[PDB]
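Enquirer: Have a look at this one.
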Amino acid sequence: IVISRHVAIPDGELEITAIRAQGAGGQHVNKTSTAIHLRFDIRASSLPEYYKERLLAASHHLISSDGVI
Amino acid sequence: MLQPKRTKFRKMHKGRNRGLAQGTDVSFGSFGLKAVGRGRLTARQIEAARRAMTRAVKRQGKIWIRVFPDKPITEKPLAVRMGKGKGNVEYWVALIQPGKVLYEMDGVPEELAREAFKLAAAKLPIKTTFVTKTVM
Amino acid sequence: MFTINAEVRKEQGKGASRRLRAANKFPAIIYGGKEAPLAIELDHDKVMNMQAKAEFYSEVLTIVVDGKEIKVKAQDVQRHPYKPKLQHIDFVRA
Amino acid sequence: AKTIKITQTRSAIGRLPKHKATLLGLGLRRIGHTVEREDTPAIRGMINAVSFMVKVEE
Amino acid sequence: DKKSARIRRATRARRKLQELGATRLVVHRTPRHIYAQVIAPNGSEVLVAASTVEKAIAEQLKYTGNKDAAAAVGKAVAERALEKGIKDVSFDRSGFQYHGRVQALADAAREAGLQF
Amino acid sequence: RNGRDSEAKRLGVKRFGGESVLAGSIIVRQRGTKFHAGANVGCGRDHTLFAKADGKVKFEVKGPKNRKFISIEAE
RNA sequence: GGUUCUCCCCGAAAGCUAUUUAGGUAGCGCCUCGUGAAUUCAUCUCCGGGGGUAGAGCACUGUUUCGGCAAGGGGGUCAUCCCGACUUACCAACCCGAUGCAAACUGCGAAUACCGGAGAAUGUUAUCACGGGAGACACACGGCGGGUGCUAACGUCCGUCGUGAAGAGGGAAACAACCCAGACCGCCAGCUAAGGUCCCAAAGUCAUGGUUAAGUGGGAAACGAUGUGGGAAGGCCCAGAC
RNA sequence: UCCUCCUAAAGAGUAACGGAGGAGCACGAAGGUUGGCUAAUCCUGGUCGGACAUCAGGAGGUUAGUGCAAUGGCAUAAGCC
RNA sequence: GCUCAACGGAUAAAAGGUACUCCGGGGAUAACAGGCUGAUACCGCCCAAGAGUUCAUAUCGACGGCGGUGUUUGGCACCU
RNA sequence: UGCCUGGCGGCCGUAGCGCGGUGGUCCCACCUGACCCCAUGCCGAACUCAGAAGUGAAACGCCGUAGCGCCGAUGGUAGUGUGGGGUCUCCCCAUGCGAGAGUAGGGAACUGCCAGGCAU
Ligand SMILES: [Mg+2]
Ligand SMILES: [Mg+2]
Ligand SMILES: [Mg+2]
Ligand SMILES: [Mg+2]
Ligand SMILES: [Mg+2]
Ligand SMILES: [Mg+2]
Ligand SMILES: [Mg+2]
Ligand SMILES: [Mg+2]
Ligand SMILES: [Mg+2]
Ligand SMILES: [Mg+2]
Ligand SMILES: [Mg+2]
Ligand SMILES: [Mg+2]
Ligand SMILES: [Mg+2]
Ligand SMILES: [Mg+2]
Ligand SMILES: [Mg+2]
Ligand SMILES: [Mg+2]
Ligand SMILES: [Mg+2]
Ligand SMILES: [Mg+2]
Ligand SMILES: [Mg+2]
Ligand SMILES: [Mg+2]
Ligand SMILES: [Mg+2]
Ligand SMILES: [Mg+2]
Ligand SMILES: [Mg+2]
Ligand SMILES: [Mg+2]
Ligand SMILES: [Mg+2]
Ligand SMILES: [Mg+2]
Ligand SMILES: [Mg+2]
Ligand SMILES: [Mg+2]
Ligand SMILES: [Mg+2]
Ligand SMILES: [Mg+2]
Ligand SMILES: [Mg+2]
Ligand SMILES: [Mg+2]
Ligand SMILES: [Mg+2]
Ligand SMILES: [Mg+2]
Ligand SMILES: [Mg+2]
Ligand code: NA
């Protein structure tokens, strides 16, 4: 929701879905959607430049090649 | 954010909200916003109403908040079982009975009075009206 | 000098007074002095109009009961909590 | 002296134990059952206690 | 002060006597003219009160307000009590320390019939 | 934390006014001298008021402090 | 898990306390059988009782707003040296006035309930004691007072009442616990309760006034609107208004 | 396990993995009894000495204390000698 | 003479694993699913500070509020 | 019989506090003195003793005084038992009980026994 003392996330630019986890767990991890899958567009979010720019000028495994985290 | 500076106990019972109200007649200002309904006013609500009210008028006028939350309402964290003790204080509310004058105001023409009080009552979960100070 | 008609409260108490206030009247009590205070029922719309004037309480009033006329000053009034209504008034004789 | 005739008009089923005992202290057993009792203040109070399920013809 | 201090000193034993229900003999010393009384358990009426302030005991003494005058008063209340049939009483210091004039009165009355 | 308590003591007024008693029969159990020892009524170390004569209880407001006393009238 | 012929009579509990105890058991509470005994018991009225709950209040414990106030504080008028004057442009204790709030606040304080006494009526002794026999200690919903929970739950845990359990019949379409109501048996007899009366489907297309235009009736909030019925006043206006 | 308040619905009782605290002792004087005494705070003075010791007066009126928690008491003091 | 304190104390004296497992029971009680609820989730609406060159309502909407759905994770443990 | 005073009470603020006034024949109080009876955790302050020289100044009693304190109606409201109903975490209706606060006002205590002084 917040990063620095100045920039923050209004949650109106951050969609989350509840999907299933992996690995062990029994008949629970099968049905129950307990893992979180978070998507966050940067190109079209209320973030400053030098944040949008600095993300899109990076190579992190969380950042998709389409400017979405 | 109104709050009891150094209360006595942290958590208190839910209780009830039966009866009519006591802060009923306009005491301080020329006019006021009586509560026709019944319920609770979170500190966030009182703050938003006071801001929506003190901005509709400029720094002109004077406003009295005849309500103060002084009741800690607790909620359990998300995804917990029942039991294991009472929750944790998360906000403070003032129980409002029909008749409690929530905001008094003076120093502005009744035009600004009614307008600001409508702008404020838009931010409250409880029916309100507009009352004038009465005599005898 | 506001003239106010009236009637003696036939039966008194909470239930009767609530029936009264539902009948578009309301009670009031004239006391002050040595005579027994007079329990009065009296119309609501007239009186709620009268009290709207800033003179209703500063001046004197002529309560009419069985032809009798009483000069009184409204000492104390029980208003409704949130409705523009009156529940009761203390009319002090003289 | 003067007696008074009392009937039952409602069921004593969903009634409080005080009212069960009061109907017993009147002598009423059924709905429509009628009895005759001395008209004493104790009896008149015993009636206005269950005034909702007893009909009186003084 | 002085008066209420002594009175609260007395209140304890006064109330204890009022509890025990005894016909209590009371003493009120005073820089002059020591007084004495005898009051029934209900405490609203006395039976014997022989104090120096009576002119029968006035002249017969040098100074009302010495242990000797107190002894005369004690003998006087004792005689009047044995006249009133009161054999025994319970002494009341009334806050006064049972040392000087009050002790003189008490010893006198004790030797003069009253079984307190 | 919380969760503790103590078994209730069963204090109170075991005998009320106008209530015949025997000698020594307890009348009031209490902590303080909320009710004070009147005539024919004792006061145990528990501040328990008990009877000192077979009579009838009586509550009064004797005294300048209005403290309530409990007498027993052998009626 | 199962436990086998019949009728009649009474008929519970799912609570407390303790338990390597929690789904078992033991005493007691509740049922039954026998005996004994007292207005012994209940209800109503009166009389004597103690409370500190609801409500209220803010003297107390805190808490809260506004204002007046001001010891002090801290600046300069100060060097106007033992000492105090002013001001503070300001900072404010205490106190006062006006406004609320409290399960763990109370100088106030019910209704009820409970205890005790007396008085009649009624109750198949309705009561207590002992003895034979138990069962039961998994309770549920509804109302009322609550904690907890989210002033969520057919949630949970308490107090109290009712019901189901262990009670059928009528109503709520259907619907253990809601409303009416307690089934000994038979009747092709009647009056009623809740609930109903156009047809399914027994009973009013009932009578008098009203309202609703929505199929509202026959799901729902903030809020919004010349919807329409009413009431009370007003403003301007035949010195002719809108 | 025991104690105190509240929940607990003005008799008793009353549950929660409900809300707030405590104890597993101390004392031959901290008990008995007799006698005596009366607090906290603030103000004004007054050697350091200050906001705050001690001294005095005043206001106050028990807002102190109660060997240790809370409640209930406690001026006849249960408080201090 | 016992922190027999698990404090009505079962012995003077006793810790674990089991996915190699077994038996007796339970939906009295969990995992899945259905259920009641709707915190959470999602969706809509009210207010309008502001942003929108000026202009709140093209578009967006602070501080706050009112609901709907029953897609999530929960809650309860009602069915198995 | 009237007043004043002292003791012991009933009663516990309609009785207390304040403000103004007044009292010394008796009483009471202050007071004088203290080797002593006794006394201080130092002090004849207090307690105690031996007396009254002096004063009602303080104290206390009494009178007036509402400035508080206190008491306190009548109605109305709140709450509530029982029955019923709703638009139901809140109410309404029929009935019974009915406050609290506040208001009008009241309010400068009343009183028994004994003893003394004075009037008589
Ligand atoms: Mg009513
Ligand atoms: Mg129980
Ligand atoms: Mg309350
Ligand atoms: Mg069991
Ligand atoms: Mg059980
Ligand atoms: Mg409930
Ligand atoms: Mg069963
Ligand atoms: Mg049935
Ligand atoms: Mg049926
Ligand atoms: Mg059916
Ligand atoms: Mg249905
Ligand atoms: Mg029924
Ligand atoms: Mg039959
Ligand atoms: Mg018929
Ligand atoms: Mg038909
Ligand atoms: Mg429809
Ligand atoms: Mg209780
Ligand atoms: Mg109770
Ligand atoms: Mg001690
Ligand atoms: Mg002593
Ligand atoms: Mg001691
Ligand atoms: Mg145990
Ligand atoms: Mg064991
Ligand atoms: Mg292997
Ligand atoms: Mg198996
Ligand atoms: Mg099975
Ligand atoms: Mg499930
Ligand atoms: Mg289940
Ligand atoms: Mg369950
Ligand atoms: Mg299923
Ligand atoms: Mg003189
Ligand atoms: Mg002297
Ligand atoms: Mg003088
Ligand atoms: Mg009152
Ligand atoms: Mg006489
Ligand atoms: Na007014």
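Simple scheme: letters A, B, ... for chains in structure tokens order, numbers from 1 for residues in each chain, numbers from 1 for ligands in the order shown.
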Identify all chain B residues at most 8 Å from chain G by counting only C-alpha atoms (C1' of nucleotides); ligands do not count. Present them as a list in words.

Expert: residues 4, 7, 8, 12, 13, 14, 16, 22, 23, 27, 28, 64, 65, 66, 67, 68, 70, 75, 82, 83, 86 and 125 of chain B

Enquirer: Leaving out region 15-32 of chain D and any residue of its chain fewer than 6 positions from it, which residues lie within 12 Å of it when counting only C-alpha atoms (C1' of nucleotides), given as a ChimeraX atom specification?

Expert: /D:4-9,38-39,42-56 /G:41-44,120-123,126,160-163,181-182,191-193 /J:82-83

Enquirer: For the selection you just gave me, I'd like the residues written to a file as a PDB file, in the first residue's frame, keeping C-alpha atoms (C1' of nucleotides).

Expert:
ATOM      1  CA  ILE D   4     -69.076 -12.981  41.516  1.00  0.00           C
ATOM      2  CA  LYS D   5     -69.019 -15.321  38.535  1.00  0.00           C
ATOM      3  CA  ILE D   6     -65.769 -15.847  36.625  1.00  0.00           C
ATOM      4  CA  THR D   7     -65.077 -17.837  33.460  1.00  0.00           C
ATOM      5  CA  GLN D   8     -61.921 -18.773  31.612  1.00  0.00           C
ATOM      6  CA  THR D   9     -61.541 -17.455  28.065  1.00  0.00           C
ATOM      7  CA  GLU D  38     -66.740 -14.173  47.197  1.00  0.00           C
ATOM      8  CA  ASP D  39     -66.146 -10.637  45.931  1.00  0.00           C
ATOM      9  CA  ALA D  42     -57.990 -10.447  47.301  1.00  0.00           C
ATOM     10  CA  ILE D  43     -60.168 -12.081  44.653  1.00  0.00           C
ATOM     11  CA  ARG D  44     -60.436  -8.911  42.587  1.00  0.00           C
ATOM     12  CA  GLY D  45     -56.656  -8.672  42.572  1.00  0.00           C
ATOM     13  CA  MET D  46     -56.398 -12.375  41.756  1.00  0.00           C
ATOM     14  CA  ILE D  47     -58.584 -11.514  38.765  1.00  0.00           C
ATOM     15  CA  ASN D  48     -56.827  -8.379  37.562  1.00  0.00           C
ATOM     16  CA  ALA D  49     -53.667 -10.478  37.669  1.00  0.00           C
ATOM     17  CA  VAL D  50     -54.950 -12.716  34.859  1.00  0.00           C
ATOM     18  CA  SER D  51     -57.387 -10.140  33.482  1.00  0.00           C
ATOM     19  CA  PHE D  52     -56.375 -11.309  29.999  1.00  0.00           C
ATOM     20  CA  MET D  53     -57.809 -14.824  30.244  1.00  0.00           C
ATOM     21  CA  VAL D  54     -60.753 -14.453  32.645  1.00  0.00           C
ATOM     22  CA  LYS D  55     -64.191 -12.953  32.014  1.00  0.00           C
ATOM     23  CA  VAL D  56     -66.191 -11.626  34.950  1.00  0.00           C
TER      24      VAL D  56
ATOM     25  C1'   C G  41     -47.451 -25.012  50.161  1.00  0.00           C
ATOM     26  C1'   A G  42     -48.953 -21.990  46.022  1.00  0.00           C
ATOM     27  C1'   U G  43     -51.847 -17.822  44.179  1.00  0.00           C
ATOM     28  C1'   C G  44     -54.300 -12.533  45.675  1.00  0.00           C
ATOM     29  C1'   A G 120     -60.094 -15.490  53.390  1.00  0.00           C
ATOM     30  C1'   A G 121     -61.031 -18.418  48.597  1.00  0.00           C
ATOM     31  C1'   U G 122     -59.338 -22.500  45.868  1.00  0.00           C
ATOM     32  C1'   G G 123     -56.197 -26.473  44.914  1.00  0.00           C
ATOM     33  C1'   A G 126     -50.757 -28.425  46.159  1.00  0.00           C
ATOM     34  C1'   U G 160     -35.576 -16.543  33.235  1.00  0.00           C
ATOM     35  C1'   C G 161     -40.134 -18.069  30.851  1.00  0.00           C
ATOM     36  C1'   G G 162     -42.594 -21.187  27.015  1.00  0.00           C
ATOM     37  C1'   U G 163     -42.504 -24.950  23.811  1.00  0.00           C
ATOM     38  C1'   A G 181     -54.346 -25.295  21.778  1.00  0.00           C
ATOM     39  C1'   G G 182     -53.408 -30.068  25.789  1.00  0.00           C
ATOM     40  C1'   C G 191     -70.289 -22.581  19.898  1.00  0.00           C
ATOM     41  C1'   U G 192     -65.834 -20.747  19.401  1.00  0.00           C
ATOM     42  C1'   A G 193     -59.641 -19.888  19.473  1.00  0.00           C
TER      43        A G 193
ATOM     44  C1'   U J  82     -48.474  -8.492  32.880  1.00  0.00           C
ATOM     45  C1'   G J  83     -51.292  -9.016  28.118  1.00  0.00           C
TER      46        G J  83
END

Enquirer: Distance limit 12 Å, reference ligand 8, atoms considered: only C-alpha atoms (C1' of nucleotides) and all ligand atoms. Which residues make the cut? Give them as a VMD selection string.

Expert: chain G and resid 163 to 164 167 to 171 176 to 183

Enquirer: Could you tell me which residues of chain B sit within 10 Å of chain J when counting only C-alpha atoms (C1' of nucleotides), and give me the result as a PyMOL selection string?

Expert: chain B and resi 16-20+38

Enquirer: The selected residues should be written to file as a PDB file, in the first residue's frame (atoms: C-alpha atoms).

Expert:
ATOM      1  CA  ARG B  16     -27.014  -1.516  24.143  1.00  0.00           C
ATOM      2  CA  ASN B  17     -28.200   1.800  22.741  1.00  0.00           C
ATOM      3  CA  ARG B  18     -31.690   2.114  24.159  1.00  0.00           C
ATOM      4  CA  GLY B  19     -33.477   5.332  25.027  1.00  0.00           C
ATOM      5  CA  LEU B  20     -33.550   8.949  23.947  1.00  0.00           C
ATOM      6  CA  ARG B  38     -29.901   5.943  16.496  1.00  0.00           C
TER       7      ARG B  38
END

Enquirer: So which residues are near ligand 18, meaning at most 9 Å away with only C-alpha atoms (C1' of nucleotides) and all ligand atoms counted, given back as a PDB file with N, CA, C and O atoms (P, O5', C5', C4', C3', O3' and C1' of nucleotides), in the first residue's frame?

Expert:
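And here is the file that came out, part03.pdb:
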ATOM      1  P     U G  53     -25.897  -0.629  40.259  1.00  0.00           P
ATOM      2  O5'   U G  53     -26.856  -1.281  39.171  1.00  0.00           O
ATOM      3  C5'   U G  53     -26.837  -2.678  38.938  1.00  0.00           C
ATOM      4  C4'   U G  53     -28.051  -3.132  38.171  1.00  0.00           C
ATOM      5  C3'   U G  53     -28.658  -2.107  37.239  1.00  0.00           C
ATOM      6  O3'   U G  53     -27.986  -2.055  35.999  1.00  0.00           O
ATOM      7  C1'   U G  53     -30.363  -3.098  38.532  1.00  0.00           C
ATOM      8  P     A G 113     -43.061 -10.075  41.062  1.00  0.00           P
ATOM      9  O5'   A G 113     -41.766 -10.892  41.482  1.00  0.00           O
ATOM     10  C5'   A G 113     -41.010 -11.594  40.512  1.00  0.00           C
ATOM     11  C4'   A G 113     -39.594 -11.819  40.973  1.00  0.00           C
ATOM     12  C3'   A G 113     -39.441 -12.400  42.362  1.00  0.00           C
ATOM     13  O3'   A G 113     -39.613 -13.804  42.381  1.00  0.00           O
ATOM     14  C1'   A G 113     -37.977 -10.570  42.113  1.00  0.00           C
ATOM     15  P     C G 114     -40.407 -14.503  43.585  1.00  0.00           P
ATOM     16  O5'   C G 114     -39.350 -14.500  44.765  1.00  0.00           O
ATOM     17  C5'   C G 114     -38.039 -14.987  44.549  1.00  0.00           C
ATOM     18  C4'   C G 114     -37.126 -14.574  45.664  1.00  0.00           C
ATOM     19  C3'   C G 114     -37.717 -14.688  47.049  1.00  0.00           C
ATOM     20  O3'   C G 114     -37.668 -16.002  47.559  1.00  0.00           O
ATOM     21  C1'   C G 114     -36.716 -12.586  46.818  1.00  0.00           C
ATOM     22  P     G G 159     -27.470 -20.600  33.664  1.00  0.00           P
ATOM     23  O5'   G G 159     -28.377 -19.352  34.016  1.00  0.00           O
ATOM     24  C5'   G G 159     -28.015 -18.480  35.067  1.00  0.00           C
ATOM     25  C4'   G G 159     -29.026 -17.381  35.229  1.00  0.00           C
ATOM     26  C3'   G G 159     -30.473 -17.786  35.048  1.00  0.00           C
ATOM     27  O3'   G G 159     -31.023 -18.343  36.219  1.00  0.00           O
ATOM     28  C1'   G G 159     -30.039 -15.828  33.811  1.00  0.00           C
TER      29        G G 159
ATOM     30  P     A H   8     -25.065  -9.448  32.706  1.00  0.00           P
ATOM     31  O5'   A H   8     -25.253  -9.319  34.266  1.00  0.00           O
ATOM     32  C5'   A H   8     -26.367  -9.910  34.900  1.00  0.00           C
ATOM     33  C4'   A H   8     -26.102 -10.109  36.363  1.00  0.00           C
ATOM     34  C3'   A H   8     -25.183  -9.104  37.027  1.00  0.00           C
ATOM     35  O3'   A H   8     -25.622  -8.910  38.368  1.00  0.00           O
ATOM     36  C1'   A H   8     -24.288 -11.271  37.265  1.00  0.00           C
ATOM     37  P     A H   9     -26.852  -7.932  38.715  1.00  0.00           P
ATOM     38  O5'   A H   9     -27.877  -8.081  37.508  1.00  0.00           O
ATOM     39  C5'   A H   9     -28.570  -6.957  36.988  1.00  0.00           C
ATOM     40  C4'   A H   9     -29.887  -7.344  36.359  1.00  0.00           C
ATOM     41  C3'   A H   9     -30.838  -8.136  37.239  1.00  0.00           C
ATOM     42  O3'   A H   9     -31.625  -7.275  38.031  1.00  0.00           O
ATOM     43  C1'   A H   9     -30.710  -9.114  35.079  1.00  0.00           C
ATOM     44  P     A H  10     -32.173  -7.731  39.457  1.00  0.00           P
ATOM     45  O5'   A H  10     -31.682  -6.557  40.394  1.00  0.00           O
ATOM     46  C5'   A H  10     -30.302  -6.286  40.528  1.00  0.00           C
ATOM     47  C4'   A H  10     -30.012  -5.749  41.895  1.00  0.00           C
ATOM     48  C3'   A H  10     -30.947  -6.249  42.979  1.00  0.00           C
ATOM     49  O3'   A H  10     -30.592  -7.514  43.499  1.00  0.00           O
ATOM     50  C1'   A H  10     -30.893  -3.925  43.062  1.00  0.00           C
ATOM     51  P     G H  11     -31.698  -8.672  43.581  1.00  0.00           P
ATOM     52  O5'   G H  11     -31.352  -9.425  44.928  1.00  0.00           O
ATOM     53  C5'   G H  11     -31.083  -8.699  46.110  1.00  0.00           C
ATOM     54  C4'   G H  11     -30.872  -9.632  47.265  1.00  0.00           C
ATOM     55  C3'   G H  11     -29.866 -10.742  47.031  1.00  0.00           C
ATOM     56  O3'   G H  11     -28.532 -10.310  47.242  1.00  0.00           O
ATOM     57  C1'   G H  11     -31.838 -11.654  47.929  1.00  0.00           C
ATOM     58  P     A H  12     -27.309 -10.939  46.418  1.00  0.00           P
ATOM     59  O5'   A H  12     -27.412 -12.492  46.709  1.00  0.00           O
ATOM     60  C5'   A H  12     -26.858 -13.037  47.892  1.00  0.00           C
ATOM     61  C4'   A H  12     -26.956 -14.535  47.887  1.00  0.00           C
ATOM     62  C3'   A H  12     -26.215 -15.237  46.771  1.00  0.00           C
ATOM     63  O3'   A H  12     -24.852 -15.414  47.078  1.00  0.00           O
ATOM     64  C1'   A H  12     -28.391 -16.118  46.949  1.00  0.00           C
TER      65        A H  12
END

Enquirer: Can you pull out every residue from chain C that DSSP, working from the backbone, puts in alpha helix (DSSP H), and format the result as a list in words?

Expert: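 Assigned to alpha helix (DSSP H), within chain C: residues 14, 15, 16, 17, 18, 19, 20, 21, 22, 44, 45, 46, 47, 48, 49 and 50 of chain C.
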
Enquirer: The selected residues should be written to file as a PDB file, in the first residue's frame (atoms: N, CA, C and O atoms).

Expert:
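Generated file (again.pdb):
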ATOM      1  N   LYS C  14     -49.257   8.926  32.667  1.00  0.00           N
ATOM      2  CA  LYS C  14     -48.483   8.727  31.444  1.00  0.00           C
ATOM      3  C   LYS C  14     -49.370   8.279  30.291  1.00  0.00           C
ATOM      4  O   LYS C  14     -49.300   8.833  29.190  1.00  0.00           O
ATOM      5  N   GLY C  15     -50.203   7.263  30.520  1.00  0.00           N
ATOM      6  CA  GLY C  15     -51.032   6.754  29.440  1.00  0.00           C
ATOM      7  C   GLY C  15     -51.979   7.805  28.898  1.00  0.00           C
ATOM      8  O   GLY C  15     -52.095   7.997  27.682  1.00  0.00           O
ATOM      9  N   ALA C  16     -52.668   8.504  29.798  1.00  0.00           N
ATOM     10  CA  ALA C  16     -53.613   9.524  29.371  1.00  0.00           C
ATOM     11  C   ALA C  16     -52.902  10.658  28.657  1.00  0.00           C
ATOM     12  O   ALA C  16     -53.405  11.185  27.661  1.00  0.00           O
ATOM     13  N   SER C  17     -51.721  11.041  29.136  1.00  0.00           N
ATOM     14  CA  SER C  17     -51.005  12.121  28.478  1.00  0.00           C
ATOM     15  C   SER C  17     -50.521  11.702  27.105  1.00  0.00           C
ATOM     16  O   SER C  17     -50.426  12.535  26.202  1.00  0.00           O
ATOM     17  N   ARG C  18     -50.218  10.422  26.922  1.00  0.00           N
ATOM     18  CA  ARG C  18     -49.803   9.977  25.600  1.00  0.00           C
ATOM     19  C   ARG C  18     -50.980   9.957  24.639  1.00  0.00           C
ATOM     20  O   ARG C  18     -50.850  10.377  23.486  1.00  0.00           O
ATOM     21  N   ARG C  19     -52.137   9.479  25.097  1.00  0.00           N
ATOM     22  CA  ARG C  19     -53.345   9.610  24.288  1.00  0.00           C
ATOM     23  C   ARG C  19     -53.587  11.064  23.921  1.00  0.00           C
ATOM     24  O   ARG C  19     -53.943  11.384  22.780  1.00  0.00           O
ATOM     25  N   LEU C  20     -53.365  11.962  24.876  1.00  0.00           N
ATOM     26  CA  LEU C  20     -53.524  13.389  24.639  1.00  0.00           C
ATOM     27  C   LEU C  20     -52.615  13.857  23.518  1.00  0.00           C
ATOM     28  O   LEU C  20     -53.076  14.386  22.503  1.00  0.00           O
ATOM     29  N   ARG C  21     -51.309  13.662  23.683  1.00  0.00           N
ATOM     30  CA  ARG C  21     -50.357  14.114  22.678  1.00  0.00           C
ATOM     31  C   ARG C  21     -50.591  13.463  21.330  1.00  0.00           C
ATOM     32  O   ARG C  21     -50.219  14.039  20.306  1.00  0.00           O
ATOM     33  N   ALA C  22     -51.193  12.278  21.302  1.00  0.00           N
ATOM     34  CA  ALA C  22     -51.605  11.697  20.036  1.00  0.00           C
ATOM     35  C   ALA C  22     -52.822  12.390  19.463  1.00  0.00           C
ATOM     36  O   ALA C  22     -53.006  12.379  18.246  1.00  0.00           O
ATOM     37  N   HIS C  44     -52.225  21.638  20.364  1.00  0.00           N
ATOM     38  CA  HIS C  44     -50.802  21.642  20.068  1.00  0.00           C
ATOM     39  C   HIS C  44     -50.430  22.592  18.950  1.00  0.00           C
ATOM     40  O   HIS C  44     -49.413  23.273  19.049  1.00  0.00           O
ATOM     41  N   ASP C  45     -51.193  22.628  17.864  1.00  0.00           N
ATOM     42  CA  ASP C  45     -50.751  23.394  16.706  1.00  0.00           C
ATOM     43  C   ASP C  45     -50.783  24.885  16.993  1.00  0.00           C
ATOM     44  O   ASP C  45     -49.830  25.609  16.680  1.00  0.00           O
ATOM     45  N   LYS C  46     -51.868  25.356  17.606  1.00  0.00           N
ATOM     46  CA  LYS C  46     -51.932  26.745  18.036  1.00  0.00           C
ATOM     47  C   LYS C  46     -50.728  27.101  18.894  1.00  0.00           C
ATOM     48  O   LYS C  46     -50.014  28.069  18.611  1.00  0.00           O
ATOM     49  N   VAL C  47     -50.466  26.303  19.928  1.00  0.00           N
ATOM     50  CA  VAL C  47     -49.453  26.667  20.912  1.00  0.00           C
ATOM     51  C   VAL C  47     -48.055  26.535  20.328  1.00  0.00           C
ATOM     52  O   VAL C  47     -47.154  27.312  20.659  1.00  0.00           O
ATOM     53  N   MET C  48     -47.849  25.559  19.453  1.00  0.00           N
ATOM     54  CA  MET C  48     -46.555  25.408  18.809  1.00  0.00           C
ATOM     55  C   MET C  48     -46.307  26.529  17.817  1.00  0.00           C
ATOM     56  O   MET C  48     -45.153  26.871  17.543  1.00  0.00           O
ATOM     57  N   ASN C  49     -47.372  27.114  17.269  1.00  0.00           N
ATOM     58  CA  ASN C  49     -47.205  28.343  16.507  1.00  0.00           C
ATOM     59  C   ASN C  49     -46.865  29.509  17.423  1.00  0.00           C
ATOM     60  O   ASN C  49     -45.963  30.298  17.123  1.00  0.00           O
ATOM     61  N   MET C  50     -47.573  29.624  18.547  1.00  0.00           N
ATOM     62  CA  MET C  50     -47.368  30.754  19.447  1.00  0.00           C
ATOM     63  C   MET C  50     -45.944  30.788  19.980  1.00  0.00           C
ATOM     64  O   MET C  50     -45.289  31.834  19.969  1.00  0.00           O
TER      65      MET C  50
END

Enquirer: Which chain F residues are at most 12 Å from chain G (counting only C-alpha atoms (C1' of nucleotides)), as a list in words?

Expert: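 Going by the stated atoms only, the list reads residues 12, 13, 14, 15, 16, 17, 18, 19, 20, 21, 27, 28, 34, 35, 56, 57, 58, 59, 60, 68, 69 and 70 of chain F.
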
Enquirer: Taking only C-alpha atoms into account, which residues of chain F are within 12 Å of chain E, as a PDB file with C-alpha atoms, in the first residue's frame?

Expert:
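Written out: part_29.pdb:
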ATOM      1  CA  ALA F  37     -24.340  -3.771  65.275  1.00  0.00           C
ATOM      2  CA  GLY F  38     -27.469  -2.520  67.018  1.00  0.00           C
ATOM      3  CA  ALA F  39     -28.994  -3.673  70.270  1.00  0.00           C
ATOM      4  CA  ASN F  40     -29.154  -7.423  70.915  1.00  0.00           C
ATOM      5  CA  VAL F  41     -27.036  -7.950  67.788  1.00  0.00           C
ATOM      6  CA  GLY F  42     -23.379  -8.914  67.869  1.00  0.00           C
ATOM      7  CA  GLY F  63     -26.919   8.083  64.198  1.00  0.00           C
ATOM      8  CA  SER F  71     -31.544  -4.262  66.408  1.00  0.00           C
TER       9      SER F  71
END

Enquirer: Compute the set of protein, DNA and RNA residues whose minimum atom distance to ligand 26 is at most 12 Å, using only C-alpha atoms (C1' of nucleotides) and all ligand atoms, and state it as a VMD selection string.

Expert: (chain G and resid 1) or (chain I and resid 25 to 28 80)

Enquirer: With a cut-off of 12 Å, could you pull out the residues of chain A touching ligand 27 and give me the nearest pair of atoms for each, distance in Å to one decimal, using only C-alpha atoms and all ligand atoms, ordered by chain and ascending number, as a tab-separated table?

Expert:
residue	atom	partner	partner_atom_place_in_ligand_line	distance
A:28	CA	ligand 27	1 (Mg)	11.0
A:31	CA	ligand 27	1 (Mg)	11.3
A:32	CA	ligand 27	1 (Mg)	10.8

Enquirer: Using only C-alpha atoms (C1' of nucleotides), determine which residues lie at most 12 Å from residue 74 (chain J), disregarding the query and same-chain residues fewer than 5 positions distant; provide the list as a list in words.

Expert: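 My list of contacting residues is residues 12, 28, 29, 30, 31, 32, 33, 34, 35, 36, 37, 38, 39, 40, 90, 91 and 92 of chain C; 103, 104 and 105 of chain J.
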